[PDB]
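Colleague: Enclosed are the sequence and the experimentally obtained structure.
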Amino acid sequence: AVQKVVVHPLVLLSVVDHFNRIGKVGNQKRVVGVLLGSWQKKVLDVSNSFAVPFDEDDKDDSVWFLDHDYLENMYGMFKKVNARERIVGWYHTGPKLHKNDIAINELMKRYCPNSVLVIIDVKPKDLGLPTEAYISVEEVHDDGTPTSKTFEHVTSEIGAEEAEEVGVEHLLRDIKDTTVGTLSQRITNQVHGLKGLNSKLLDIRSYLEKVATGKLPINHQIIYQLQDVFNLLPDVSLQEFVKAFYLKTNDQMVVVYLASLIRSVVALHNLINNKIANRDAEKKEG
Amino acid sequence: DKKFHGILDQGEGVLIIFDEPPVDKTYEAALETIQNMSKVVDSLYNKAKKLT
Amino acid sequence: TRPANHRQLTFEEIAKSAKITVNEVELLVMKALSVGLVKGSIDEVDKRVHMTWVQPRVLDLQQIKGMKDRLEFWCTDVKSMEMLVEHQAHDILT
Amino acid sequence: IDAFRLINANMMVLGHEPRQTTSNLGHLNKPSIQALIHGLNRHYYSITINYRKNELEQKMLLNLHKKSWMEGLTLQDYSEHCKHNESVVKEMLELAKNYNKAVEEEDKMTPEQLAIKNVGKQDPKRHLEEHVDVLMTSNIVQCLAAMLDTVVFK
Amino acid sequence: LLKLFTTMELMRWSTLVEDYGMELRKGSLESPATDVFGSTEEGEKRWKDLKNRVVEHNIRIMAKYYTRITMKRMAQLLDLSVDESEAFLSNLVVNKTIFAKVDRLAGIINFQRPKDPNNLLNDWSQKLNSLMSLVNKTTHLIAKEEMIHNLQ
């Protein structure tokens, strides 16, 4: 297992230029390229990327193209200019992953033994964290699937490096931002938090209204794995939990009551120090 | 002599054992800062009294 | 059956619905805990058998009908209580 | 960042730019003394640089420092949170010990001489504003996030 | 012999002797068990140690699956006196391999631990963080996958 990947901010931008290359067609043309990273640890790194030609139809999603010859030569150039770097996987720009997206992985597992994808989003209509990545395993089921083969969710985050923090945050000056503001980000974080809570509930009832009535496969997936979600649901206001808020919140109230009691005295120093300096500079001037 | 965390009962003939809480430290350091804040207002009290 | 409200069931309803005697319900429930289809606990000063975790089972149409009713009653309360944060602080958080 | 554009030496007397606007004359700086010592305005001329931005990358260059709702709904841990409050208040007592001495002291010294005997180890009134800010923003968010996890959940 | 391994398969030493009374003396190999039980001074140490290990076996799963237990039920589920029950819980708590609290003016003892609002509020947030938000993230992605298999 890999259990997270680390994505530098040079990519997430070296994808979007290639979406901007062929983006004159407008309607739909998925970008697929080649991902470059480090055979690091259990934890893995992502550094560079480049593109590859790819087209695919609308019906019969089995007609698709990865130029191997283009993949051999251009990676042979990047191996030539950079010996530290080697391949780790691939990416595509599609907002939701398609049905075609498993045979692309089944091609290039002969390049890296654990070839990992990264889905990005050129248009995150979700205001939350984009650019999530998957990995394929086999999970052969009680039903009798010969090979239950579906990707697994892997957590991810945006990497950082000393040179690229210079160039990125120089370009952040085109908009205003409060990273220095204490508790102004924090109040937004529960706003950005609970917006994520409401977004996942409006999606799950749309799945749940369809599978209730008329049309969907009712299968022994989520419908009881989501039943376990209801099983936790802590019973918050009950017998002894009341003695957890009235023995611990009032601890943190005293520290705030201490902090106000000094902050008022500190601001009272600035009165007398100004009122002495006010009239005594006046009474010697006159 | 604090060799033991217990309590006795004459009307029961019963020894009862309890544990020790390490809690009482925030409130202890709280009131001593109030003793220091008592003097800095006194230091401002004659400062306004000596000159307005 | 009971929706986790007073799921600390006492021995009598186990001993009735399984129609085994009183002095064998503990050896009965420790078997199900040992196999692992349940993760509760056993008191004896009240002989109440608390329940925590049930394995998930198969359900049907009308169980989904109540479950959307649980979900809608939970979804529209989160959104209302999230408005009450932003309504409290409009131009305070920028 | 910097960009330059070579000029001839054969046109050293004749004008090289027609100068029909102000945008490349007095803007973005006057040329720096360590760069005109070799260059400006001999043998070449400088040139201006801006930043064009497509909307698509502009929208995602904005939001890459935020997290999921997991980070917005944590409750850090109440053992270390009380331990951190036990820590900070304890030296804040000692800052108040030093604060009583210096504010009472005030040798009539025309306070720029107060402002030269304070560089050294002297620090009242500076940590006293600081630790109050830390004890405020920690305790408020730790309470307020614990408020929502009962109102929202069940 | 696997019956002693996990969760007691609820056992009894008297039922053990009725199943093992001939592995001491009869058999085809027979040689370790006579070294275990047949020799007198080595057996009498290993008789009582087998008594020691089966009563050590039951107290462990009692601490697993009991909020409380009365004094009378422990004595009849170990099949020994209430005095010998007190000796077995004493030398295992000075060993502190099983923590217990033999409240004996009532006989009702407990196997739980006194909790803290530093601990109780921690366990409330622990279920709240790990298994209310992370599993919520999980169910949405498989619900995304069911669009792909089914439409179109």
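Modeller: Nice, I can see it. Residues are numbered from 1 along each chain as shown, chains lettered A, B, ... in the order given.

Colleague: residue of the stretch 151-286 of chain A with the smallest distance to chain D?
Modeller: The stretch 151-286 of chain A approaches chain D most closely through residue A:193 (2.7 Å), counting by C-beta to the nearest C-beta. (C-beta placed from N, C-alpha, C; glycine too.)

Colleague: Next, count neighbours for that residue.
Modeller: With neighbours defined by other C-beta atoms under 10 Å in any protein chain shown, the count for residue A:193 comes to 23.

Colleague: and if you look at the one 3 residues further on?
Modeller: Other residues near residue A:196 come to 23 when the count uses other C-beta under 10 Å.

Colleague: just checking, it touches residue A:129?
Modeller: No: using C-beta atoms under 8 Å, residue A:196 makes no contact with residue A:129, being 9.1 Å away.

Colleague: Can you pull the residues that touch both of these two?
Modeller: residue D:68 (C-beta atoms under 8 Å, 6 or more residues apart in numbering or on different chains).

Colleague: what ranges do the strands span in the chain?
Modeller: Just going to use chain A. Ranges of strands within chain A are A:5-7, A:32-38, A:44-51, A:86-92, A:116-119, A:133-138, A:149-154, A:156-158, based on DSSP state E.

Colleague: hmm, I had chain E in mind actually
Modeller: E:68-69, E:109-110.

Colleague: Now do the last one: which elements does it pack against?
Modeller: Meaning strand E:109-110. strand E:68-69 (3 or more C-beta pairs under 8 Å, 6 or more residues apart in numbering or on different chains; DSSP states H and E).

Colleague: centre of the chain versus stretch C:37-57, how much separation?
Modeller: 11 Å (C-alpha atoms, centre = their mean, to the nearest Å).

Colleague: mind exporting it as PDB, just the C-alpha atoms?
Modeller: Output of stretch C:37-57 as PDB, limited to C-alpha atoms (Å, rounded to 0.1, in the frame of the first residue of the first chain):
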ATOM      1  CA  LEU C  37     -21.900 -10.600  15.700                       C
ATOM      2  CA  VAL C  38     -22.500  -8.200  18.600                       C
ATOM      3  CA  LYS C  39     -20.300  -6.000  20.800                       C
ATOM      4  CA  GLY C  40     -22.200  -5.300  24.000                       C
ATOM      5  CA  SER C  41     -21.600  -5.800  27.700                       C
ATOM      6  CA  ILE C  42     -23.100  -7.600  30.700                       C
ATOM      7  CA  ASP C  43     -24.200  -6.100  34.100                       C
ATOM      8  CA  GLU C  44     -25.300  -8.400  36.900                       C
ATOM      9  CA  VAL C  45     -26.300  -6.000  39.800                       C
ATOM     10  CA  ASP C  46     -29.300  -5.100  37.500                       C
ATOM     11  CA  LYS C  47     -28.700  -8.000  35.000                       C
ATOM     12  CA  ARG C  48     -29.200  -5.600  32.100                       C
ATOM     13  CA  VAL C  49     -27.300  -6.500  29.000                       C
ATOM     14  CA  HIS C  50     -26.200  -3.300  27.200                       C
ATOM     15  CA  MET C  51     -25.900  -3.300  23.400                       C
ATOM     16  CA  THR C  52     -23.500  -1.200  21.500                       C
ATOM     17  CA  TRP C  53     -22.900  -2.600  18.000                       C
ATOM     18  CA  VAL C  54     -25.100  -4.800  15.700                       C
ATOM     19  CA  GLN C  55     -23.900  -6.400  12.500                       C
ATOM     20  CA  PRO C  56     -25.500  -4.900   9.400                       C
ATOM     21  CA  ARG C  57     -28.200  -6.900   7.800                       C
END
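
Colleague: Show residues contacting it.
Modeller: With C-beta under 8 Å, 6+ apart, stretch C:37-57 has contacts from A:224-225, A:227-228, A:231, C:4, C:7-11, C:14, C:25-26, C:29-30, C:32-33, E:65-70, E:73, E:108.

Colleague: rerun at 7 Å
Modeller: Applying C-beta atoms under 7 Å, 6 or more residues apart in numbering or on different chains, the contact partners of stretch C:37-57 are A:224-225, A:227-228, A:231, C:7-11, C:14, C:26, C:29, C:32-33, E:65-70, E:73, E:108.

Colleague: Give me the buried subset of these.
Modeller: Burial by neighbour count, judged by 16 or more other C-beta atoms under 10 Å in any protein chain shown, picks out A:227, C:9, C:11, C:14, C:26, C:29, C:33, E:65-70, E:73, E:108 from these.

Colleague: Just give me the closest of these to residue A:284.
Modeller: Taking C-beta to C-beta as the measure, residue A:284 lies nearest residue E:67 of those, at 80.6 Å.

Colleague: which one is that closest one nearest to, not counting chain neighbours?
Modeller: The shortest distance from residue E:67 to any non-neighbouring residue, by C-beta to C-beta, 6 or more residues apart in numbering or on different chains, is to residue C:43 (4.4 Å).

Colleague: before we move on, what about residue D:3?
Modeller: Distances taken as C-beta to C-beta, 6+ apart put residue D:47 closest to residue D:3, at 5.2 Å, once the chain neighbours are dropped.

Colleague: What residues does that neighbour make contact with?
Modeller: Contacts of residue D:47 (C-beta under 7 Å, 6+ apart): D:3-5.

Colleague: Tell me the one of the residues you listed nearest chain C?
Modeller: Once C-beta to the nearest C-beta is applied, the member of the contacts of residue D:47 that ends up nearest chain C is residue D:3, at 36.9 Å.

Colleague: Verify the stated contact: that closest one with residue D:48.
Modeller: No: with contact defined as C-beta atoms under 7 Å, residue D:3 does not count as touching residue D:48 (8.4 Å).

Colleague: host element of the residue nearest the centre of chain B?
Modeller: Nearest to the geometric centre of chain B sits residue B:28, at 4.2 Å (C-alpha atoms, centre = their mean). Using DSSP states H and E, residue B:28 sits within helix B:26-50.

Colleague: For that helix, buried residues please.
Modeller: For helix B:26-50, by 16+ other C-beta under 10 Å, it's B:26, B:29-30, B:33, B:36-37, B:39-40, B:43-44, B:47.

Colleague: just these that are near chain A?
Modeller: Restricting the buried residues of helix B:26-50 to those within reach of chain A (C-beta under 7 Å from any C-beta of the partner chain) leaves B:26, B:30, B:33, B:37, B:40, B:44, B:47.

Colleague: which one is residue A:275 nearest to, not counting chain neighbours?
Modeller: Counting by C-beta to C-beta, 6+ apart, the residue nearest residue A:275 is residue B:52, at 7.2 Å.

Colleague: Apart from its neighbours in sequence, what residue is nearest residue A:33?
Modeller: In space, residue A:33 is closest to residue A:51, 4.0 Å off (C-beta to C-beta, 6+ apart).

Colleague: Burial check on the one you found, number of neighbours?
Modeller: Other residues close to residue A:51 by other C-beta under 10 Å number 19.

Colleague: My read is that it contacts residue A:18, right?
Modeller: Yes: assessed by C-beta under 7 Å, residue A:51 is found in contact with residue A:18 at 4.7 Å.

Colleague: if I look at those two, which residues touch both of them?
Modeller: residue A:33.

Colleague: So which bits of the stretch 101-250 of chain A are right by chain D?
Modeller: Near chain D, when you scan the stretch 101-250 of chain A using C-beta under 7 Å from any C-beta, you find A:122, A:124, A:127-129, A:158, A:171, A:174-175, A:182-183, A:186, A:189-190, A:192-194, A:196-197, A:233-236, A:248-249.

Colleague: can you tell me which of those residues are in helices?
Modeller: Among those, the members found in helices (DSSP state H) are A:171, A:186, A:189-190, A:192-194, A:196-197, A:249.

Colleague: related to what we said a few turns ago, tell me which entries of the buried ones among the contacts of stretch C:37-57 lie within helices.
Modeller: Per DSSP H, the subset of those in helices is A:227, C:11, C:14, C:26, C:29, C:33, E:73.

Colleague: for these, which one is nearest residue E:46?
Modeller: Of all those, residue E:73 has the smallest distance to residue E:46: 29.4 Å, by C-beta to C-beta.

Colleague: Give me the neighbour count for residue E:38.
Modeller: Count around residue E:38 with other C-beta under 10 Å applied: 15.

Colleague: wait, residue A:18
Modeller: 17.
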